[PDB]
Structures are given as structure tokens and as C-alpha cells.
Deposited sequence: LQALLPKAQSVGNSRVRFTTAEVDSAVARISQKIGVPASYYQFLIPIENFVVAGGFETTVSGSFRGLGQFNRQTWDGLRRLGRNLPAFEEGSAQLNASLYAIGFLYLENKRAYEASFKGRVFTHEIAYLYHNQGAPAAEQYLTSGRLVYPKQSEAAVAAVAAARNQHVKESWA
């Protein structure tokens, strides 16, 4: 029962594409495996993803974030087309991870960009993510309980020097 237009992908086709794309662009497959179930609806034979409204596809991108990646030179279709597609959305998730990793490491020198921190950056955007890490307050607080748990864990990991 889920706590309260779609496209459906099978687990196999998502897995195959993740395996291929993650290898090609140097983003861990485990990050995709972490993020996809948080952002989308898990069903028996795969995942369903919302492709209407402001946030769309497996990465739940908005147009501004998607276009930000294109501005960096990433080869993506237009937001409205790519966000409904398997491969383009997976590339975008990964490209965004790579850019957010750079942003995190530049502001918090000597710190490690973990999956939950990467998800926080994905969820809030890099500016607001850094603001949450410093202030403890989300700029965009209207998130799911799973998203909130993930970003809380992210801040915990950020602050603490080591596993413990």
C-alpha cells in the first residue's frame, strides 16, 4: 500500500541499463539501486515512474535540473522527452551524481560523498543541499518519509568523522 501519467519498466531492463551506463560513466551501480526505489513505485515486475507534472521519470527530474546538465555539455534529449525514457533518465541520474560530487567535495574539503549525501544533493539540488548540511533545515521540506530518512542519514554521515 503506497503512502500518499506513468511509465513502467521491468527490473531486468532497468538493471541491464544501469549496469551498462554506470560502467560507462563511472558512477556506482549501487547508487542507482539505492535511488530508484526511493523515487519511484516498486511493483512486482519492476518500477513505475510518474512522467507528468514538474518532476518526472526514474530520476524525478525537473526541467531546470535536466537543462542544467545539458548546459554542461551532457548529451541528453529535451527534458520532456528524455525524462520519459529509460536510458536518458539513467544517464541524467549519473551525470548529476558526478556534478554533485564535485560540488560537495569543493565545499566540504576532506569529506566523503556517500550515497545518501548524493541523494540529498539529487533531492534538494546542490545549493539547498549544502544549506541543509550546514543549517539542519531543508529549503524544500515537503518530501516523502523515505526521502526525509535518507537526507537525515546523509547529514549524520556528513558530520561524523567515521563509522561508529
Stretches of the record's deposited sequence for which the structure holds no C-alpha atoms: 5-13
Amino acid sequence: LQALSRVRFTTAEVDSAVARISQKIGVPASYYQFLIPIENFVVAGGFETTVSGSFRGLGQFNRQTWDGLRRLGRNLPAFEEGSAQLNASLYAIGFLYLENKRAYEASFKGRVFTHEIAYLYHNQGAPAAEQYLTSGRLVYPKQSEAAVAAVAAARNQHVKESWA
From here on, numbers count along this sequence of modelled residues.
Selected stretch [higher average CA B-factor]: 90-98 or 77-85: 77-85
Stretch exceeding the other in mean C-alpha B-factor - 50-58, 113-121: 50-58
Residue with maximal Cα B-factor (values as given in the PDB entry) among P127, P37, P28, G68: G68
Record-listed C-alpha B factor of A103: chain third: lowest
CA B-factor ranking of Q33, expressed as a third of its chain: lowest
